[PDB]
Amino acid sequence: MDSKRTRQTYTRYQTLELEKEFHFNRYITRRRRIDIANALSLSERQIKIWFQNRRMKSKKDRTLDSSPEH
């Protein structure tokens, strides 16, 4: 039938798949980001913004003088 799977919007699963890429490549290769964006099904735009955000997502961020702020 038709398909297109979620250009925007996220789930625990989706975010998990994104997370296990993010710890791989905090900046993904465009190939991998396209691949993921295809198979995972969340847009290149989205994943750019998600990964761009993630950097400073105010927990995975503020290792205060490299301490585990956790």
# chains A, B, ... in the order shown; residues from 1 in each chain; ligands from 1
call {"tool": "residues_around", "arguments": {"residues": "region 47-53 of chain A", "least_positions_apart": "2", "cutoff": "8 Å", "atoms": "only C-alpha atoms", "output": "PyMOL selection string"}}
result
chain A and resi 18+22+26-27+33+37+42-45+55-57
call {"tool": "select_by_dssp", "arguments": {"residues": "chain A", "states": "helix (DSSP H, G or I)", "output": "number ranges by chain"}}
result
A: 12-22, 30-41, 44-54, 64-66
call {"tool": "write_last_selection", "arguments": {"atoms": "C-alpha atoms", "output": "PDB file, in the first residue's frame"}}
result
ATOM      1  CA  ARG A  12      10.879   5.453  22.912  1.00  0.00           C
ATOM      2  CA  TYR A  13      11.946   2.885  20.274  1.00  0.00           C
ATOM      3  CA  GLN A  14      12.769   5.552  17.666  1.00  0.00           C
ATOM      4  CA  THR A  15      14.747   7.592  20.203  1.00  0.00           C
ATOM      5  CA  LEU A  16      16.547   4.383  21.339  1.00  0.00           C
ATOM      6  CA  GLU A  17      17.611   3.625  17.741  1.00  0.00           C
ATOM      7  CA  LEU A  18      18.702   7.272  17.404  1.00  0.00           C
ATOM      8  CA  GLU A  19      20.601   7.059  20.755  1.00  0.00           C
ATOM      9  CA  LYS A  20      22.520   3.902  19.735  1.00  0.00           C
ATOM     10  CA  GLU A  21      23.576   5.765  16.565  1.00  0.00           C
ATOM     11  CA  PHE A  22      24.375   8.913  18.520  1.00  0.00           C
ATOM     12  CA  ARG A  30      25.363  11.585   5.560  1.00  0.00           C
ATOM     13  CA  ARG A  31      25.212   8.019   4.168  1.00  0.00           C
ATOM     14  CA  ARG A  32      24.410   6.576   7.613  1.00  0.00           C
ATOM     15  CA  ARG A  33      22.047   9.440   8.464  1.00  0.00           C
ATOM     16  CA  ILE A  34      20.173   8.802   5.157  1.00  0.00           C
ATOM     17  CA  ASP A  35      20.232   5.027   5.833  1.00  0.00           C
ATOM     18  CA  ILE A  36      18.852   5.438   9.364  1.00  0.00           C
ATOM     19  CA  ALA A  37      16.480   8.179   8.126  1.00  0.00           C
ATOM     20  CA  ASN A  38      15.209   5.636   5.556  1.00  0.00           C
ATOM     21  CA  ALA A  39      15.031   2.371   7.572  1.00  0.00           C
ATOM     22  CA  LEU A  40      14.343   3.919  11.001  1.00  0.00           C
ATOM     23  CA  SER A  41      12.060   6.353   9.121  1.00  0.00           C
ATOM     24  CA  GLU A  44      17.301  13.796   7.524  1.00  0.00           C
ATOM     25  CA  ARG A  45      16.099  17.224   8.746  1.00  0.00           C
ATOM     26  CA  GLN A  46      14.792  15.716  11.967  1.00  0.00           C
ATOM     27  CA  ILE A  47      17.920  13.705  12.752  1.00  0.00           C
ATOM     28  CA  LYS A  48      20.112  16.741  12.054  1.00  0.00           C
ATOM     29  CA  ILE A  49      18.092  18.772  14.613  1.00  0.00           C
ATOM     30  CA  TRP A  50      17.903  15.825  17.118  1.00  0.00           C
ATOM     31  CA  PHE A  51      21.709  15.244  16.922  1.00  0.00           C
ATOM     32  CA  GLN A  52      22.358  19.023  16.942  1.00  0.00           C
ATOM     33  CA  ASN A  53      20.190  19.304  20.088  1.00  0.00           C
ATOM     34  CA  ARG A  54      21.607  16.194  21.732  1.00  0.00           C
ATOM     35  CA  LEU A  64      31.071  19.846  35.142  1.00  0.00           C
ATOM     36  CA  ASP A  65      34.918  19.772  35.132  1.00  0.00           C
ATOM     37  CA  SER A  66      34.503  16.292  33.673  1.00  0.00           C
TER      38      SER A  66
END
call {"tool": "atom_distance", "arguments": {"atom1": "CA of residue 5 (chain A)", "atom2": "CA of residue 58 (chain A)"}}
result
29.1 Å
